[PDB]
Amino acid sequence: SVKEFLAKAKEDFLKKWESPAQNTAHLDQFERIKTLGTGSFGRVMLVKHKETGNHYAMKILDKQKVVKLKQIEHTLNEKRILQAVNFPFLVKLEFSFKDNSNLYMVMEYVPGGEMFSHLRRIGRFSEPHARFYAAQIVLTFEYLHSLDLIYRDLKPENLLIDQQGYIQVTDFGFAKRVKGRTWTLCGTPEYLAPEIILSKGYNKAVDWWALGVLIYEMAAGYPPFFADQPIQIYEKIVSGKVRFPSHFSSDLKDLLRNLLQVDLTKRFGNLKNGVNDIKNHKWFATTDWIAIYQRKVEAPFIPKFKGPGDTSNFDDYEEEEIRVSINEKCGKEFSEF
């Protein structure tokens, strides 16, 4: 059963959570190929492991930039959580290490690109297509929340499509293990729950709100709350009002009204029946939850695969050389990395 699976999953998690993996590779063991993505602290690059021949995605964080942006604790959270988790829809962290200048997390390379890219290009996904991806997020959040983890950055930009057309959840930069409530203002403007915006303490229910934003965006092709500036987006989120496109089914509309719910005593995922309020909703009635987990369901979309290190499903980025200082920077702050 689910309870039996979750018990054994918590046991494997806590062993790695209590005794994390550290310094499991060297920079000189990889060949840098291309930048797959960027952020304020660095970039994600396609790398090749010299000894195995395998391709990986290596996230590089400049420690000085992490310190300047007050993200030391968030960065330690990311690496500690990632090395400890194991779920079919979470990207696997293969190695981690650090040097004088940077932090490195080497993960399995997902070549099918971001959901964001296919979503913007295509326009919108049909309801069975969006339901397929949403189901995977539901099982992923059920796994993470049972471990007391909050993801806090769900968006199409963070969801990668694998060779079998399944989702690989990426970027644990805002992920946190917290038993009670938390207060950090973080995430993406369009996906923030009203309680984050209103500087109230919040919990795991912000992830279920983010799920509502994701399902709406997948099915409509645009988020439920958009504007040109973040400030205008927050005004829209905190005021009730959500308009659904006329092509949305009654079941979709009903489930979204229960996910995009301001009232925490009424928001799905949070209540007494928990995740089963979502799993058992009528919009998910065709979903075989075990087959989705086992990856036995035929994906509505399989991306083009040219070669193991092909980057055609990703955008091009300005390349910048990796500079490793002769002097160790922020050693005390990133000691446990």
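Numbers for residues come from their place in the sequence shown, where the first is 1. In this text, the rigid core denotes the largest set of C-alpha atoms whose superposition between the two forms falls within 1.5 Å.
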Larger mean CA deviation from the shown form in 9 other deposited structures of this protein [core fit; 104-112 vs 67-75]: 67-75
Larger mean CA deviation from the shown form in 9 other deposited structures of this protein [core fit; 295-303 vs 45-53]: 45-53
Using only the Cα atoms and their B-factors as the entry lists them, report which of 35-43 and 54-62 averages higher. 35-43
Which has higher Cα B-factors on average according to the PDB entry: 228-236 or 70-78? 228-236
Assigned third (lowest, middle, highest) for the C-alpha B factor of residue 201: highest
By the recorded C-alpha temperature factor, relative to the other modelled residues in its chain, which third is residue 334 in? middle
Temperature factor at the Cα of residue 165, chain-ranked in thirds, falls in the middle
Residue 180 - which third its CA temperature factor falls in, relative to the rest of the chain: highest
Splitting the chain's C-alpha B-factors into thirds, which one does residue 242 fall into? highest
